[PDB]
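Take a look at this one chain, the form deposited without this ligand, written out in structure tokens.
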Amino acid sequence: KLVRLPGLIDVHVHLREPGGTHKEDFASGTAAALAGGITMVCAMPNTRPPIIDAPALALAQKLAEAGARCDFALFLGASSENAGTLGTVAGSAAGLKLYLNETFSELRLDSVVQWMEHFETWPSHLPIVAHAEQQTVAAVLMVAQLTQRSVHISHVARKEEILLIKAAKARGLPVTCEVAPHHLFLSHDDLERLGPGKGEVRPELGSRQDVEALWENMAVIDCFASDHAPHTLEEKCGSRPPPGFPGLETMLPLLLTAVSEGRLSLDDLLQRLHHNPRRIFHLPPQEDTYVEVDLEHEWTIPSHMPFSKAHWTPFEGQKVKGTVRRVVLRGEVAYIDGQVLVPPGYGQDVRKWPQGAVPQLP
């Protein structure tokens, strides 16, 4: 007996095209998404070149329209030079992303005043997402309050962070957040196995106490999202390993395992991978779209999943219960039992759908 789920949404993926296509591209990353039961993804802007101006966005849109196998929206990225310049293209993006901790030169903001400038100039009705760790979460919350608008905090990883967000919500502040599977299912205890290279991720893996705090505060978590951040094994195992884990193909099986163990309900899962992503990012429904999963199938995660070009996984050896059997996307079979059956280019930019525009006052 299969369970039918709606089309799941991952609001935080790095698909590496343009500029890092040995790590992943739109075609491989969206194949990974479909195999993980994900029918819509929001792609981050830290590509090469990064998506920080209209021409880069235009290029990315065409690459995605030509390569994506599932539907998508593309983020713009905040830079030290582009505040006040994105107004005409802002509505065509998933939202604006601010990289407030480590990142490359082009996306680095050197002052909180630059954060404020973005919050002041980006259209008030459109999403803003921050990569913000530890005290940076409090700092960007302050900027959001000074500018009287909302903010979404990516990949909350620590007890410190989830409790701060909990306190902000208790004061009625408009903040939402997401948690990634590696911060629910891996911890410091796994660093021995992973090693210092493969184990490199930002936010870093937390303590057992951090992991337990995220589970205990599930009510505070609005979304799950993978932070799919593919890098090859050569890169992860080399002299200056980049941070990040691939995660599209493993996210749903890990979470289904947790549902089977009664750690959260099926509804808790669907709020966090479907309804809340829709409502926070104003993402449209997908007609005739659904995912069929088998909740009884027990398997062990292998050394690499079939589709991501990362060709490794930090969850290797974990036992899971739950697997994606079939995905239907807009009336076409997109995935069955290990085979992707829609071509590159089948996917569409949801921000171009009439129902995918974010409502605003005239």
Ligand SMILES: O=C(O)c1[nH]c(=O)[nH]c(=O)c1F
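For every residue, the number given is its place in the sequence shown, counted from 1.
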query: Stretch with the greater mean C-alpha B-factor as recorded in the entry, comparing 307 to 315 against 293 to 301; finding: 293 to 301
query: Per the entry, higher mean C-alpha B factor between 182 to 190 and 133 to 141; finding: 182 to 190
query: Residue, from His228, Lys198, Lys159, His118, that the PDB entry assigns the highest Cα B-factor; finding: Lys198
query: Given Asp268, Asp210, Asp222, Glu102, the residue at which the Cα B factor reaches its maximum; finding: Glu102
query: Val328 CA temperature factor, ranked by third within the chain; finding: middle
query: Modelled-residue ranking by C-alpha temperature factor, third containing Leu59; finding: middle
query: Chain third (lowest, middle, highest) by recorded CA B-factor, residue given as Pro123; finding: middle
query: Entry-reported Cα temperature factor of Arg108, expressed as the chain third it lands in; finding: highest
query: Among modelled residues of the same chain, the CA temperature factor third for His12; finding: lowest
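One more form of this protein exists, namely the form solved in complex with this ligand; it is left out here, but the text below deals with it.
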property	result
Contact label in the bound PDB entry: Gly244 to this ligand, heavy atom within 4.5 Å	yes
Contact label in the bound PDB entry: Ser28 to this ligand, heavy atom within 4.5 Å	no
Touches this ligand in the bound PDB entry: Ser308 (any heavy atom, 4.5 Å)	no
Partner proximity in the bound PDB entry: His131 to this ligand, non-hydrogen atom cutoff 4.5 Å	yes
Heavy atom within 4.5 Å of this ligand in the bound PDB entry - the one residue of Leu252, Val201, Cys223, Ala93 that qualifies	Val201
One stretch from 201 to 209, 78 to 86, 165 to 173, 281 to 289 that, in the bound PDB entry, holds residues within 4.5 Å of this ligand by heavy atom	201 to 209
Three-residue site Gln114, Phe119 and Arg149 fully in contact with this ligand in the bound PDB entry at 4.5 Å by heavy atom	no
Heavy atom within 4.5 Å of this ligand in the bound PDB entry - qualifying residues of 26 to 51	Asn46
